[PDB]
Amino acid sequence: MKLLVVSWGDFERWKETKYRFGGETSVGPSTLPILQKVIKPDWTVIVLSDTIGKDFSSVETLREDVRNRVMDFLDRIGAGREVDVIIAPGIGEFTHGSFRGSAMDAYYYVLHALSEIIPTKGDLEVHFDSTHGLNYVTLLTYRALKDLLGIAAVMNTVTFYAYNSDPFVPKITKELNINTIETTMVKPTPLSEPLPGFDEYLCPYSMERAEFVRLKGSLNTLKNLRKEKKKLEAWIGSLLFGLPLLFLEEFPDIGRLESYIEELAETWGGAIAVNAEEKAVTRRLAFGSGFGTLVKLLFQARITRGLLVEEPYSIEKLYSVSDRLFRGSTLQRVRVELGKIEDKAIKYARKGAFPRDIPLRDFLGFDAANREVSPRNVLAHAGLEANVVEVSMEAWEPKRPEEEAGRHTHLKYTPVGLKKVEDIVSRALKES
């Protein structure tokens, strides 16, 4: 699936010019037609600054005013139906109004918007045009794209192209080439940051500190993350460190994460004070890093949702999860660890024993006086530590035990063992 993203400023002030790109030529005031003609994208995203808004009655009359004039202009040069328009929150003192807020709200807002548009299934071919955006909006849009495509690259092949035209110089211009300024095959980069302190999800820009303590107290998100923070960090660690059984058991509730983000989102929007006479928007809450982390976490969950197999969690299923999720030395580590448990299960099967609800240490046949659960042993053995995992073999009549054992041997963490592992993986994620 091919995707085109473009960073736009004040699209009206652009002049009639012609553009060359990929054995084609075009005439008009923007690059989008000839980009759409050569690239043939399955979908197009237009990131604009809201600061081009003129009518200041409220927030919906700014998001509307801007969307009216955008859709007018896309008709003028024929950009078709397959188009999403992200009106990011810009800032500054302009001719037709004022806009005050955190500069970084544009990143978090566009991160959030992109994370609902970019597909979570199949391979991605992403095309980015920086020709006519603001310096900071184009930079923040770029970083927001790469942050999400990095997570997408875990499960799928992701290629990224960035474009920019020859500079438009008004007095001496004949035609502007669309120069390719980047081509990269995007590296798989799973979420590798903990969830921050419960002060870094929404922050007060121009809100009184006593009023903040009031609204922070009413948000059900921060109270529900008080419980789940450690269970979610355990899942983040599962991908980063190669713990396939922890990946499955700690798999987050996607409906629940949707609702946390929706609440922080509409809480932010509802703190935007619009004065129609002073012509001045004021975003009194700013998005914190924690909002970013939840959006990246939800995106990583959607990307990997296909790998959440039905219980019980057998060796054959853990191999299958691992083969999709991990690469390099991590994948081979996990395969040797599962292979060890499988070979033991084969030996048992040949003797006609099928141990049920046996600690992994007893299954592998360990000495006593090594029951302490260490970081080293949890991370070095793909999270399959001898003192925190319980093994079960569902009894069957073997014919080819070397093939059957993997399907019939099931692993789970003991309730005590899962809390120790959560603590270890969460701590290791914070020391990073």
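Throughout, rigid core stands for the largest set of C-alpha atoms superposing within 1.5 Å between the two forms. For every residue, the number given is its place in the sequence shown, counted from 1.
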Fit on the core, then compare CA atoms: does 195-203 or 303-311 lie farther from this form in 4 other deposited structures of this protein?
-> 303-311
Do the Cα atoms of 209-217 stray more than those of 270-278 in 4 other deposited structures of this protein, or is it the other way round, with the core held fixed?
-> 209-217
Quick one: higher average CA temperature factor, 61-69 or 384-392?
-> 61-69
Look up the CA B-factors in the entry and say which stretch, 298-306 or 79-87, has the higher mean.
-> 79-87
Looking only at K227, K344, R335, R327, the Cα with the top B-factor belongs to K227
Per the PDB entry, which option out of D253, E208, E249, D105 has the greatest Cα B factor?
-> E208
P398, C-alpha B-factor rank within chain (lowest, middle or highest third) = highest
Third assignment of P355 from its chain's C-alpha B-factors = middle
Taking the values exactly as deposited, rank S238 by C-alpha B-factor within its chain and report the matching third: lowest, middle or highest.
-> lowest
Temperature factor at the Cα of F363, chain-ranked in thirds, falls in the lowest
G292 by Cα B-factor - lowest, middle or highest third of the modelled chain = lowest
